[PDB]
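Note: the block below is model.pdb and it holds PDB, C-alpha atoms and all ligand atoms.
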```pdb
ATOM      1  CA  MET O   1      -2.874  -2.421  -7.365  1.00  0.00           C
ATOM      2  CA  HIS O   2      -4.275  -5.462  -5.400  1.00  0.00           C
ATOM      3  CA  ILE O   3      -3.044  -8.584  -7.081  1.00  0.00           C
ATOM      4  CA  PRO O   4      -5.909 -11.091  -7.611  1.00  0.00           C
ATOM      5  CA  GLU O   5      -5.520 -14.825  -7.021  1.00  0.00           C
ATOM      6  CA  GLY O   6      -3.638 -16.643  -9.780  1.00  0.00           C
ATOM      7  CA  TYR O   7      -1.560 -13.650 -10.937  1.00  0.00           C
ATOM      8  CA  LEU O   8       1.509 -14.643  -8.930  1.00  0.00           C
ATOM      9  CA  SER O   9       3.013 -18.121  -8.722  1.00  0.00           C
ATOM     10  CA  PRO O  10       2.624 -19.957  -5.404  1.00  0.00           C
ATOM     11  CA  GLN O  11       6.390 -19.543  -4.981  1.00  0.00           C
ATOM     12  CA  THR O  12       6.126 -15.775  -5.328  1.00  0.00           C
ATOM     13  CA  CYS O  13       3.188 -15.709  -2.885  1.00  0.00           C
ATOM     14  CA  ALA O  14       5.221 -17.762  -0.404  1.00  0.00           C
ATOM     15  CA  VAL O  15       8.264 -15.451  -0.649  1.00  0.00           C
ATOM     16  CA  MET O  16       6.192 -12.310  -0.153  1.00  0.00           C
ATOM     17  CA  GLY O  17       4.344 -13.915   2.764  1.00  0.00           C
ATOM     18  CA  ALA O  18       7.688 -14.806   4.339  1.00  0.00           C
ATOM     19  CA  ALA O  19       8.818 -11.191   3.997  1.00  0.00           C
ATOM     20  CA  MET O  20       5.671  -9.768   5.559  1.00  0.00           C
ATOM     21  CA  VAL O  21       5.552 -12.014   8.632  1.00  0.00           C
ATOM     22  CA  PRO O  22       8.630 -10.436  10.317  1.00  0.00           C
ATOM     23  CA  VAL O  23       7.290  -6.997   9.409  1.00  0.00           C
ATOM     24  CA  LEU O  24       3.942  -7.619  11.142  1.00  0.00           C
ATOM     25  CA  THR O  25       5.665  -9.318  14.050  1.00  0.00           C
ATOM     26  CA  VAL O  26       7.839  -6.267  14.694  1.00  0.00           C
ATOM     27  CA  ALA O  27       4.808  -4.009  14.160  1.00  0.00           C
ATOM     28  CA  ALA O  28       2.830  -5.880  16.825  1.00  0.00           C
ATOM     29  CA  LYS O  29       5.703  -5.622  19.277  1.00  0.00           C
ATOM     30  CA  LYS O  30       6.205  -1.912  18.586  1.00  0.00           C
ATOM     31  CA  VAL O  31       2.515  -1.093  18.948  1.00  0.00           C
ATOM     32  CA  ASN O  32       2.165  -3.161  22.128  1.00  0.00           C
ATOM     33  CA  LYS O  33       4.960  -1.106  23.696  1.00  0.00           C
ATOM     34  CA  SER O  34       3.840   2.360  22.550  1.00  0.00           C
ATOM     35  CA  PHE O  35       0.027   2.213  22.264  1.00  0.00           C
ATOM     36  CA  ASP O  36      -2.503   2.121  25.083  1.00  0.00           C
ATOM     37  CA  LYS O  37      -6.125   0.968  24.783  1.00  0.00           C
ATOM     38  CA  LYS O  38      -7.435   4.479  24.142  1.00  0.00           C
ATOM     39  CA  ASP O  39      -5.395   4.675  20.911  1.00  0.00           C
ATOM     40  CA  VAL O  40      -6.990   1.528  19.437  1.00  0.00           C
ATOM     41  CA  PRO O  41     -10.104   3.263  18.021  1.00  0.00           C
ATOM     42  CA  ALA O  42      -7.811   5.472  15.913  1.00  0.00           C
ATOM     43  CA  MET O  43      -6.117   2.411  14.405  1.00  0.00           C
ATOM     44  CA  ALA O  44      -9.556   0.934  13.681  1.00  0.00           C
ATOM     45  CA  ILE O  45     -10.919   4.135  12.134  1.00  0.00           C
ATOM     46  CA  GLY O  46      -7.756   4.386  10.028  1.00  0.00           C
ATOM     47  CA  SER O  47      -8.220   0.796   8.891  1.00  0.00           C
ATOM     48  CA  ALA O  48     -11.878   1.430   7.964  1.00  0.00           C
ATOM     49  CA  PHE O  49     -10.909   4.590   6.101  1.00  0.00           C
ATOM     50  CA  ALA O  50      -8.195   2.899   4.037  1.00  0.00           C
ATOM     51  CA  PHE O  51     -10.562   0.002   3.326  1.00  0.00           C
ATOM     52  CA  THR O  52     -13.202   2.408   2.076  1.00  0.00           C
ATOM     53  CA  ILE O  53     -10.859   4.500  -0.055  1.00  0.00           C
ATOM     54  CA  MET O  54      -9.447   1.430  -1.811  1.00  0.00           C
ATOM     55  CA  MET O  55     -12.936   0.328  -2.885  1.00  0.00           C
ATOM     56  CA  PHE O  56     -12.975   3.104  -5.474  1.00  0.00           C
ATOM     57  CA  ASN O  57     -10.756   1.687  -8.180  1.00  0.00           C
ATOM     58  CA  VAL O  58     -10.347   1.379 -11.955  1.00  0.00           C
ATOM     59  CA  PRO O  59      -8.768  -1.419 -14.061  1.00  0.00           C
ATOM     60  CA  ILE O  60      -5.289  -1.001 -15.555  1.00  0.00           C
ATOM     61  CA  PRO O  61      -4.721  -2.809 -18.882  1.00  0.00           C
ATOM     62  CA  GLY O  62      -1.360  -4.546 -18.557  1.00  0.00           C
ATOM     63  CA  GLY O  63      -1.550  -4.310 -14.768  1.00  0.00           C
ATOM     64  CA  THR O  64      -4.116  -4.744 -12.003  1.00  0.00           C
ATOM     65  CA  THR O  65      -6.042  -1.694 -10.726  1.00  0.00           C
ATOM     66  CA  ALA O  66      -5.496   1.906  -9.580  1.00  0.00           C
ATOM     67  CA  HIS O  67      -6.953   3.583  -6.480  1.00  0.00           C
ATOM     68  CA  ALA O  68      -5.803   5.596  -3.491  1.00  0.00           C
ATOM     69  CA  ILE O  69      -4.858   3.851  -0.237  1.00  0.00           C
ATOM     70  CA  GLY O  70      -4.301   6.382   2.554  1.00  0.00           C
ATOM     71  CA  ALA O  71      -1.059   4.640   3.531  1.00  0.00           C
ATOM     72  CA  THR O  72       0.976   7.738   4.297  1.00  0.00           C
ATOM     73  CA  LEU O  73      -1.994   9.382   5.999  1.00  0.00           C
ATOM     74  CA  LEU O  74      -2.019   6.445   8.411  1.00  0.00           C
ATOM     75  CA  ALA O  75       1.772   6.400   8.781  1.00  0.00           C
ATOM     76  CA  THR O  76       1.985  10.074   9.677  1.00  0.00           C
ATOM     77  CA  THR O  77      -0.954   9.959  12.105  1.00  0.00           C
ATOM     78  CA  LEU O  78      -0.573   6.510  13.678  1.00  0.00           C
ATOM     79  CA  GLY O  79       3.135   5.935  13.019  1.00  0.00           C
ATOM     80  CA  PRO O  80       4.317   3.524  10.304  1.00  0.00           C
ATOM     81  CA  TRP O  81       4.210   0.399  12.497  1.00  0.00           C
ATOM     82  CA  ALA O  82       0.572   0.915  13.563  1.00  0.00           C
ATOM     83  CA  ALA O  83      -0.206   1.880   9.976  1.00  0.00           C
ATOM     84  CA  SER O  84       1.086  -1.477   8.698  1.00  0.00           C
ATOM     85  CA  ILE O  85      -1.340  -3.222  11.030  1.00  0.00           C
ATOM     86  CA  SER O  86      -4.347  -1.050  10.124  1.00  0.00           C
ATOM     87  CA  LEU O  87      -3.572  -1.400   6.409  1.00  0.00           C
ATOM     88  CA  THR O  88      -3.063  -5.163   6.634  1.00  0.00           C
ATOM     89  CA  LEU O  89      -6.407  -5.555   8.442  1.00  0.00           C
ATOM     90  CA  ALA O  90      -8.096  -3.656   5.586  1.00  0.00           C
ATOM     91  CA  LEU O  91      -6.476  -5.893   2.964  1.00  0.00           C
ATOM     92  CA  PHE O  92      -7.391  -9.006   4.956  1.00  0.00           C
ATOM     93  CA  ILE O  93     -11.077  -7.999   5.036  1.00  0.00           C
ATOM     94  CA  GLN O  94     -10.965  -7.136   1.329  1.00  0.00           C
ATOM     95  CA  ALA O  95      -9.470 -10.536   0.423  1.00  0.00           C
ATOM     96  CA  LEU O  96     -11.545 -12.749   2.709  1.00  0.00           C
ATOM     97  CA  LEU O  97     -14.941 -11.071   2.619  1.00  0.00           C
ATOM     98  CA  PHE O  98     -14.954  -9.180  -0.694  1.00  0.00           C
ATOM     99  CA  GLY O  99     -12.719 -11.194  -3.032  1.00  0.00           C
ATOM    100  CA  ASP O 100     -10.596  -8.096  -3.631  1.00  0.00           C
ATOM    101  CA  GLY O 101      -6.964  -9.197  -3.732  1.00  0.00           C
ATOM    102  CA  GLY O 102      -6.146 -12.899  -3.635  1.00  0.00           C
ATOM    103  CA  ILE O 103      -6.009 -14.772  -0.340  1.00  0.00           C
ATOM    104  CA  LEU O 104      -2.663 -16.436  -1.071  1.00  0.00           C
ATOM    105  CA  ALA O 105      -1.557 -13.077  -2.505  1.00  0.00           C
ATOM    106  CA  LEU O 106      -2.115 -11.390   0.868  1.00  0.00           C
ATOM    107  CA  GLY O 107       1.594 -11.439   1.646  1.00  0.00           C
ATOM    108  CA  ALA O 108       2.377  -9.664  -1.634  1.00  0.00           C
ATOM    109  CA  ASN O 109      -0.436  -7.126  -1.335  1.00  0.00           C
ATOM    110  CA  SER O 110       0.358  -6.310   2.305  1.00  0.00           C
ATOM    111  CA  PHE O 111       4.060  -6.052   1.529  1.00  0.00           C
ATOM    112  CA  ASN O 112       3.268  -3.516  -1.191  1.00  0.00           C
ATOM    113  CA  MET O 113       0.456  -1.480   0.358  1.00  0.00           C
ATOM    114  CA  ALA O 114       0.992  -2.079   4.069  1.00  0.00           C
ATOM    115  CA  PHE O 115       4.784  -1.923   4.236  1.00  0.00           C
ATOM    116  CA  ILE O 116       6.352  -0.276   1.188  1.00  0.00           C
ATOM    117  CA  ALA O 117       3.710   2.448   0.851  1.00  0.00           C
ATOM    118  CA  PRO O 118       3.535   3.570   4.493  1.00  0.00           C
ATOM    119  CA  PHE O 119       7.283   3.293   5.172  1.00  0.00           C
ATOM    120  CA  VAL O 120       8.430   4.994   1.970  1.00  0.00           C
ATOM    121  CA  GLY O 121       5.756   7.656   2.421  1.00  0.00           C
ATOM    122  CA  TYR O 122       6.739   8.192   6.042  1.00  0.00           C
ATOM    123  CA  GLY O 123      10.429   8.461   5.130  1.00  0.00           C
ATOM    124  CA  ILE O 124       9.703  10.998   2.391  1.00  0.00           C
ATOM    125  CA  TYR O 125       7.434  12.840   4.819  1.00  0.00           C
ATOM    126  CA  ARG O 126      10.246  13.096   7.372  1.00  0.00           C
ATOM    127  CA  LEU O 127      12.635  14.229   4.620  1.00  0.00           C
ATOM    128  CA  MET O 128      10.283  17.009   3.508  1.00  0.00           C
ATOM    129  CA  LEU O 129       9.814  18.143   7.129  1.00  0.00           C
ATOM    130  CA  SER O 130      13.590  18.397   7.546  1.00  0.00           C
ATOM    131  CA  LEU O 131      13.546  20.767   4.567  1.00  0.00           C
ATOM    132  CA  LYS O 132      11.116  22.999   6.500  1.00  0.00           C
ATOM    133  CA  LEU O 133       8.057  22.171   4.365  1.00  0.00           C
ATOM    134  CA  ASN O 134       4.808  22.278   6.355  1.00  0.00           C
ATOM    135  CA  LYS O 135       3.175  19.025   7.462  1.00  0.00           C
ATOM    136  CA  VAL O 136       0.300  19.243   4.959  1.00  0.00           C
ATOM    137  CA  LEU O 137       2.681  19.513   2.000  1.00  0.00           C
ATOM    138  CA  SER O 138       5.165  17.015   3.418  1.00  0.00           C
ATOM    139  CA  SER O 139       2.442  14.412   3.956  1.00  0.00           C
ATOM    140  CA  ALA O 140       0.994  14.907   0.445  1.00  0.00           C
ATOM    141  CA  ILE O 141       4.404  14.506  -1.220  1.00  0.00           C
ATOM    142  CA  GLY O 142       5.117  11.494   0.972  1.00  0.00           C
ATOM    143  CA  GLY O 143       1.720  10.066  -0.029  1.00  0.00           C
ATOM    144  CA  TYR O 144       2.523  10.443  -3.729  1.00  0.00           C
ATOM    145  CA  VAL O 145       5.937   8.818  -3.496  1.00  0.00           C
ATOM    146  CA  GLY O 146       4.770   6.042  -1.206  1.00  0.00           C
ATOM    147  CA  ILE O 147       1.868   4.908  -3.378  1.00  0.00           C
ATOM    148  CA  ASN O 148       4.090   4.985  -6.466  1.00  0.00           C
ATOM    149  CA  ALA O 149       6.755   2.901  -4.728  1.00  0.00           C
ATOM    150  CA  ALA O 150       4.019   0.359  -3.903  1.00  0.00           C
ATOM    151  CA  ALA O 151       2.795   0.430  -7.513  1.00  0.00           C
ATOM    152  CA  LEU O 152       6.372  -0.143  -8.715  1.00  0.00           C
ATOM    153  CA  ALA O 153       6.779  -3.149  -6.409  1.00  0.00           C
ATOM    154  CA  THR O 154       3.458  -4.510  -7.656  1.00  0.00           C
ATOM    155  CA  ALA O 155       4.542  -4.069 -11.293  1.00  0.00           C
ATOM    156  CA  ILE O 156       7.880  -5.780 -10.677  1.00  0.00           C
ATOM    157  CA  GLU O 157       6.291  -8.747  -8.888  1.00  0.00           C
ATOM    158  CA  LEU O 158       3.822  -9.090 -11.783  1.00  0.00           C
ATOM    159  CA  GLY O 159       6.350  -8.525 -14.593  1.00  0.00           C
ATOM    160  CA  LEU O 160       8.718 -11.173 -13.288  1.00  0.00           C
ATOM    161  CA  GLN O 161       6.008 -13.851 -13.586  1.00  0.00           C
ATOM    162  CA  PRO O 162       6.272 -14.681 -17.299  1.00  0.00           C
ATOM    163  CA  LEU O 163      10.067 -14.517 -17.053  1.00  0.00           C
ATOM    164  CA  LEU O 164      10.298 -16.887 -14.103  1.00  0.00           C
ATOM    165  CA  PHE O 165       7.235 -19.105 -14.536  1.00  0.00           C
ATOM    166  CA  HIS O 166       6.348 -20.442 -17.966  1.00  0.00           C
ATOM    167  CA  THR O 167       5.892 -23.730 -19.790  1.00  0.00           C
ATOM    168  CA  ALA O 168       8.651 -25.299 -21.870  1.00  0.00           C
ATOM    169  CA  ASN O 169       6.914 -23.693 -24.868  1.00  0.00           C
ATOM    170  CA  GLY O 170       7.271 -20.231 -23.288  1.00  0.00           C
ATOM    171  CA  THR O 171       3.657 -19.774 -22.194  1.00  0.00           C
ATOM    172  CA  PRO O 172       3.298 -17.738 -18.967  1.00  0.00           C
ATOM    173  CA  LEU O 173       1.780 -19.820 -16.155  1.00  0.00           C
ATOM    174  CA  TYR O 174       0.489 -16.837 -14.177  1.00  0.00           C
ATOM    175  CA  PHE O 175       0.475 -13.112 -14.990  1.00  0.00           C
ATOM    176  CA  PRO O 176       1.304 -13.059 -18.703  1.00  0.00           C
ATOM    177  CA  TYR O 177       2.826  -9.596 -19.259  1.00  0.00           C
ATOM    178  CA  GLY O 178       6.477  -8.764 -18.600  1.00  0.00           C
ATOM    179  CA  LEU O 179       8.196  -5.763 -17.043  1.00  0.00           C
ATOM    180  CA  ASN O 180       8.069  -3.915 -20.400  1.00  0.00           C
ATOM    181  CA  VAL O 181       4.298  -3.884 -20.070  1.00  0.00           C
ATOM    182  CA  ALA O 182       3.579  -3.957 -16.338  1.00  0.00           C
ATOM    183  CA  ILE O 183       5.887  -1.141 -15.296  1.00  0.00           C
ATOM    184  CA  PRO O 184       4.693   1.469 -17.808  1.00  0.00           C
ATOM    185  CA  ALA O 185       1.050   0.460 -17.252  1.00  0.00           C
ATOM    186  CA  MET O 186       1.087   0.569 -13.445  1.00  0.00           C
ATOM    187  CA  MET O 187       3.373   3.588 -13.169  1.00  0.00           C
ATOM    188  CA  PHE O 188       1.582   5.734 -15.732  1.00  0.00           C
ATOM    189  CA  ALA O 189      -1.671   5.295 -13.769  1.00  0.00           C
ATOM    190  CA  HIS O 190      -0.123   5.942 -10.368  1.00  0.00           C
ATOM    191  CA  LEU O 191       2.153   8.828 -11.398  1.00  0.00           C
ATOM    192  CA  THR O 192      -0.690  10.758 -13.040  1.00  0.00           C
ATOM    193  CA  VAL O 193      -4.002   9.821 -11.434  1.00  0.00           C
ATOM    194  CA  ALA O 194      -3.841   7.562  -8.396  1.00  0.00           C
ATOM    195  CA  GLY O 195      -0.824   9.360  -6.889  1.00  0.00           C
ATOM    196  CA  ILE O 196      -2.484  12.758  -7.164  1.00  0.00           C
ATOM    197  CA  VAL O 197      -5.680  11.497  -5.523  1.00  0.00           C
ATOM    198  CA  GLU O 198      -3.560   9.899  -2.792  1.00  0.00           C
ATOM    199  CA  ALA O 199      -1.627  13.135  -2.245  1.00  0.00           C
ATOM    200  CA  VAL O 200      -4.773  15.264  -2.161  1.00  0.00           C
ATOM    201  CA  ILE O 201      -6.664  13.010   0.267  1.00  0.00           C
ATOM    202  CA  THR O 202      -3.584  12.846   2.494  1.00  0.00           C
ATOM    203  CA  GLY O 203      -3.055  16.606   2.597  1.00  0.00           C
ATOM    204  CA  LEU O 204      -6.747  17.308   3.086  1.00  0.00           C
ATOM    205  CA  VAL O 205      -7.115  14.986   6.070  1.00  0.00           C
ATOM    206  CA  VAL O 206      -3.819  16.116   7.628  1.00  0.00           C
ATOM    207  CA  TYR O 207      -4.912  19.738   7.221  1.00  0.00           C
ATOM    208  CA  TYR O 208      -8.207  19.189   8.994  1.00  0.00           C
ATOM    209  CA  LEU O 209      -6.630  17.057  11.736  1.00  0.00           C
ATOM    210  CA  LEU O 210      -4.074  19.793  12.430  1.00  0.00           C
ATOM    211  CA  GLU O 211      -6.736  22.478  12.398  1.00  0.00           C
ATOM    212  CA  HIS O 212      -8.424  20.324  15.078  1.00  0.00           C
ATOM    213  CA  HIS O 213     -12.010  20.913  13.908  1.00  0.00           C
ATOM    214  CA  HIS O 214     -12.237  23.012  10.748  1.00  0.00           C
TER     215      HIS O 214
HETATM  216 NI    NI G 301      -5.120  -2.408  -5.258  1.00  0.00          NI
END
```
Represent the structure from my file as structure tokens, please.
Ligand code: NI
Amino acid sequence: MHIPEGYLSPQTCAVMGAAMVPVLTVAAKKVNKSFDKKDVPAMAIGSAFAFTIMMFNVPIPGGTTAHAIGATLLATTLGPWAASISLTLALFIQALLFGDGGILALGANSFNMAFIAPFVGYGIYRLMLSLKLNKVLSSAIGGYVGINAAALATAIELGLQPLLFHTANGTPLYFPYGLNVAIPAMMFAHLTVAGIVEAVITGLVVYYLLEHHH
């Protein structure tokens, strides 16, 4: 779902960046209060894992790309605040060193994949636990819903571009396809393929973590 440079207007990039700053600020404060130094390697490993998983992606006509993220996996293991930091680090490295996701689009991409995905997934996870579903199942379902919520946010940010930013002749200045195109394209991919991969990876890793070794 990473939005490349030039897909969102500078105004949209600025708004999303402004939304993500308070999120990361709170995250830093929360982590500083609850984490000690010996928990840092877990955040780093989580960040490297998400980074790696996202590198396996396919193009979506009418959208951007589809791939798993590991957002709910990180939220359930590290907590959602630490997850937002680990996930943002991964996106930062992708944008700056690999050209994957635009640099000015970092606010938008982190808002989607490092805030919406882990927090929605975590919330759904907690909901499923309260219904007495086991942690493996609860995390997988949370993973599915979280990544789809992030895909929906991505599609909405994209689809608003031709509506909000066009020439006097009606030509889109940035992403050229509206909500009618972006939503079905991004959601079809994430509801059927990317979401299932996300759910399976999440449940698999949670299962083995809980089993402690095997
Ligand atoms: Ni992406």
Nearby residues (all atoms listed in the file) at most 7 Å from residue 122 (chain O), same-chain spacing under 4 positions excluded, as JSON, numbers by chain: {"O": [72, 75, 76, 80, 118, 126, 142]}
Report the closest atom pair, with its distance in Å rounded to one decimal, for each residue of chain O that has an atom no farther than 8 Å from ligand NI 301 (chain G); count all atoms listed in the file, sort by chain and then rising residue number, and write it as a Markdown table.
```
| residue | atom | partner | partner_atom | distance |
| --- | --- | --- | --- | --- |
| O:1 | CA | G:NI301 | NI | 3.1 |
| O:2 | CA | G:NI301 | NI | 3.2 |
| O:3 | CA | G:NI301 | NI | 6.8 |
| O:54 | CA | G:NI301 | NI | 6.7 |
| O:57 | CA | G:NI301 | NI | 7.6 |
| O:64 | CA | G:NI301 | NI | 7.2 |
| O:65 | CA | G:NI301 | NI | 5.6 |
| O:66 | CA | G:NI301 | NI | 6.1 |
| O:67 | CA | G:NI301 | NI | 6.4 |
| O:101 | CA | G:NI301 | NI | 7.2 |
| O:109 | CA | G:NI301 | NI | 7.7 |
| O:113 | CA | G:NI301 | NI | 8.0 |
```
List the neighbours of residue 178 (chain O) out to 12 Å using only C-alpha atoms; skip same-chain residues closer than 4 positions along the sequence, and give me the result as a CSV table (one decimal) with C-alpha atoms, keeping the file's coordinate frame.
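Okay, around.csv is ready:
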```
chain,number,residue,atom,x,y,z
O,62,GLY,CA,-1.4,-4.5,-18.6
O,63,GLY,CA,-1.6,-4.3,-14.8
O,155,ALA,CA,4.5,-4.1,-11.3
O,156,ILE,CA,7.9,-5.8,-10.7
O,157,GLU,CA,6.3,-8.7,-8.9
O,158,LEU,CA,3.8,-9.1,-11.8
O,159,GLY,CA,6.4,-8.5,-14.6
O,160,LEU,CA,8.7,-11.2,-13.3
O,161,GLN,CA,6.0,-13.9,-13.6
O,162,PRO,CA,6.3,-14.7,-17.3
O,163,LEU,CA,10.1,-14.5,-17.1
O,164,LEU,CA,10.3,-16.9,-14.1
O,165,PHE,CA,7.2,-19.1,-14.5
O,166,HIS,CA,6.3,-20.4,-18.0
O,171,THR,CA,3.7,-19.8,-22.2
O,172,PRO,CA,3.3,-17.7,-19.0
O,174,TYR,CA,0.5,-16.8,-14.2
O,182,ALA,CA,3.6,-4.0,-16.3
O,183,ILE,CA,5.9,-1.1,-15.3
O,184,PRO,CA,4.7,1.5,-17.8
O,185,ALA,CA,1.0,0.5,-17.3
O,186,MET,CA,1.1,0.6,-13.4
```
I'd like the box whose edges run along x, y and z of the file and which contains every listed atom of region 69-79 of chain O, padded by 6 Å per side; could you state its centre and edge lengths in Å, one decimal, as lines of an AutoDock Vina configuration file?
```
center_x = -0.9
center_y = 7.0
center_z = 6.7
size_x = 20.0
size_y = 18.2
size_z = 25.9
```
Please indicate the distance in Å from CA of residue 35 (chain O) to CA of residue 91 (chain O), rounded to one decimal place. 21.9 Å
Separation of CA of residue 135 (chain O) from CA of residue 69 (chain O), in Å and rounded to one decimal: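 Answer for the CA of residue 135 (chain O) to CA of residue 69 (chain O) separation: 18.8 Å.
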CA of residue 116 (chain O) to CA of residue 153 (chain O) measures 8.1 Å
Evaluated on this file, the PyMOL selection byres (((chain O and resi 52) around 12) and not hetatm) picks out some residues - which ones are they, written as an MDAnalysis selection string? chainID O and resid 45:51 53:57 67:70 87 90:91 93:94
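Distances to residue 198 (chain O) were evaluated for O:139, O:25, O:112, O:167 using all atoms listed in the file, and the minimum falls at O:139.
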